[PDB]
Structure formats: structure tokens, C-alpha cells
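For reference, the chain that follows is the form deposited in one PDB entry, supplied as C-alpha cells.
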């Protein structure tokens, strides 16, 4: 039984580098087309695995060559893939991504095989969810599956960590079942209606989430670090500062590393610094899973930048 179970998406990222971002009327010319392993589910699982978590992944891939191959690749990163299902007659999920020279990115996804991860589909994985200490999920798979999983985790002393990405509204039945939520600035506002722009508004958004029954709130603020709130008490924990090559998967890397830090008994503020270091390194590198650093690299970073 893995101490960490990640449930979420797997995508093939179809990525182009762009000078700027498209305007409705003109054709943008890109370069360096690459197909890169991605998906928020897989990114966070690979981040946790590389941070040396005891990690099992619950997901759906397609029966295309990409899907078969990437499921095998997860094993090489030490992920337990018992719960990664191959979906007949379905492509693996995709993302079309454009990354500018500033590191900014635009991402559009299509569910494909990810749509198959329903509540029914995770019936054989309910045991793994129970025996785990932490369950980490995002919002790139069907809501019914995410809800069932969170419900099952609460009957079995499993911490539920939700990265509510990409942004969408969520039912109270789910939020009350989440022990720690990690929205970004956009997602915090979608979830609460409270735009986050400063300390007081950060704390408003967080309080709104606390009222929804979520004990720990972490609002990620890009290069500004994060806003950590623990039932009413908020504070900014700054990140590390680096030149951005590509921020795709920065958030995923942060989440996978954070849960790993927590699992490995680092106090919450320490696990956040640890997660900041992993995420900062990933910001300096291109592509989703290709940017995710190893534990050794994260330690070296922390040794340098204390």
C-alpha cells in the first residue's frame, strides 16, 4: 500500500514556442514543436515520485502508442501504475500549449481518455485510497470520480489534498471533504468570488474556503510565493526568484513536492519552502514532466539558497 495516491489526468502536451500570444485575427508563427508528457495528474505524480514519495497513480490513458508508452515510463520514475487504466478505442488526453520567451504559457486541453475516470472506474482503487496517508487530486478528470475518492479517503484517515486546477466551481459536498486546498490566484476567485490581490483579499478568499470546511488553504501567487492560511491565520511564504523559461507544471511540481514534504514529516512551512525550491527549478526548464527536478537537485538548490 502506497503512502501517497495521486488521482488525476495524463496528457500528451503538444507544445510550440511562440514569440507572442495570438490575437483573434492574425496567424502566429511558432517553432520547435515537441510532444511532451504532461497532464496535471501525471505531472504531480512524477514530481512526488522524483521527490522520493511512495506513490501510486490512479488515472486513464489511451490505447494509442503514447498512452501505452507513458504508462510504462511512469514505472521508470518508480510510480506504482496498478491503477493506471488503458482505455480501448480512446486517445490519451491532450493539451495544446504555446510558451513565449517570457516563460508565460497558454494551455487548452481535450479530455479524451481522462473522461473515463469515473466513480465506477475507481472502484478497484478504493482500497489504495483507504490505505494511503495522503490523496492528491486535481480537476482534469470527471468530478464524480474526484468526489467518490475524497469521500472514501475520509472514512480511512487519508489526508485529502485538492489542487483545484484548472479553474471551475465546486460543490460543497466536495470542499467539506478536502483537508488542504492549493488554488492559484485565478482559481481562488472562481471558487470564492473573491479576487486575490493583496494580504486582506487573500485572507478573505481563504476564510471563504475555511467556511467551506477546508482546514488549510494555500493560495499560490506565482513568483510572489504563496499565501498560507491555517483557520483564520494567514501569512505570505515567499518563493525563490529565478528567470522563467516555462511555467508549465510549476504548480504541479509545487503540489507533488509539498505533499511529499508533508508525507515525510516536514512541518508545513518547511514543506512549502521545499516545494518552492522544486517549483523554482522547474520554472527554469522547458516542458511539463521534462522540467521536474530530482530530489538531489532540490537538495542542492536548498543547500545553495538556504
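If you superpose the two forms and keep the largest set of C-alpha atoms that fall within 1.5 Å, you have the rigid core. Only residues modelled in both forms are compared. Residue numbers count along the first chain shown, from 1.
Quick note: we don't show the form deposited in another entry, though the next part is all about it.
Among the candidates 223, 106, 200, 186, displacement between this form and the one not shown reaches 2 angstroms at the C-alpha for one position only, 106 (superposition on the rigid core). Shown in the overlay between this form and the one not shown, fitted on the rigid core, is a CA shift at residue 29 of 2 Å or greater. Core-superposed comparison between this form and the one not shown: the C-alpha position of residue 17 differs by no less than 2 Å. 16-31, 96-108 are the runs of three or more consecutive shared residues whose C-alphas all shift by 2 Å or more between this form and the one not shown after the rigid core is superposed.
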